[PDB]
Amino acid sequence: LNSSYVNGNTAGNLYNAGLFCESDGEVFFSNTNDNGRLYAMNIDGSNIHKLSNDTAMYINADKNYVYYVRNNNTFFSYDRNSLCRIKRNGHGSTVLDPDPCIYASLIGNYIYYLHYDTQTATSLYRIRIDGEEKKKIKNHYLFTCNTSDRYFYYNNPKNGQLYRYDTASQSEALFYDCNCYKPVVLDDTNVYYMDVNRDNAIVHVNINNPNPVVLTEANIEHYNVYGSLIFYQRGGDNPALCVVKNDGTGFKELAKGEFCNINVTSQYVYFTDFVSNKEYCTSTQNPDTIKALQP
């Protein structure tokens, strides 16, 4: 068992289908050139090799294992999915929860996830990393994608505010007064969210010295963050994947079209064309030229 509050993935990856997971110098990922199957590579895109024939999403990792949701037969609705585990070396594949689920997120020794009660009714579950102690935590789902140490953060379903759940005490409380969607808290001084009151424009704030800054135009669909750069999809009449620094500077349009599933690693930021399902990437530190993952 884990001895600290390890987090299975980073920033907004799990909101963006958890297609890439960087951990201790490797990246585990869903390979769009091979039916979304689980692969591994070194952080710079080399040494690419198949880990499992399972199609994988919501990929998480700790020092010993990779945890993932597989589709047994889109990432954000009901399908015949199962929660699984494999050793990082490729051995020891096993199923932890065979029942449909999405949004698996590792916090310490527990995976918190969305469980389907029916095709439309959902709840929050957790399970220990060895498959013991499966338990329904709430009758309504709370977002578990954004984690830091023992906490996960979410828009409160009743009131829209940014709340924090402490997995150690198994309690929750208000974290920041806003009306938010897919919040990404990196630390108490770096809060990001789509602001429901401003048509999902992205806002950045430090909760200690709150001076909320709006960083984008209205009508944002997806975003992610690495370092001080925010990568986002702008919708509407002239859709584009864009980047901007967290002080409003350095805006750049990176690709024209409708993209999604923005996943960040220290080397690259990956994104998929919503219609063609083709995948692309760009440098995380100096985003500019776009590489294609196909073939």
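One-based numbering along the sequence shown.
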Exercise. What size is the break between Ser169 and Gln170 in terms of deposited sequence residues left without coordinates: none, 1 to 3, 4 to 9, or 10 or more?
Worked result: none
Exercise. Should the higher mean CA B-factor in the entry be assigned to 26-34 or to 246-254?
Worked result: 246-254
Problem set entry | Comparing 9-17 with 275-283, the one whose average Cα B-factor in the PDB entry is higher | 275-283
Problem set entry | Member of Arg126, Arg85, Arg198, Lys182 with the greatest C-alpha B factor (per the PDB record) | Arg198
Exercise. Reading the B-factor column of the entry, which of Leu162, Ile107, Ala218, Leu96 has the highest value at its C-alpha atom?
Worked result: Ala218
Problem set entry | Entry-reported Cα temperature factor of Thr144, expressed as the chain third it lands in | lowest
For this session: Just say lowest, middle or highest third for the CA B-factor of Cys101 relative to the other modelled residues in its chain.
Result: lowest
For this session: Compare the C-alpha B factor of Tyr176 with those of the other modelled residues in its chain, then answer lowest, middle or highest third.
Result: middle
For this session: Sort the modelled residues of this chain by their C-alpha B factor and say whether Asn206 lands in the lowest, middle or highest third.
Result: highest
Seminar exercise, completed: Here the Cα B-factor of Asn263, set against its chain, lands in the third termed lowest
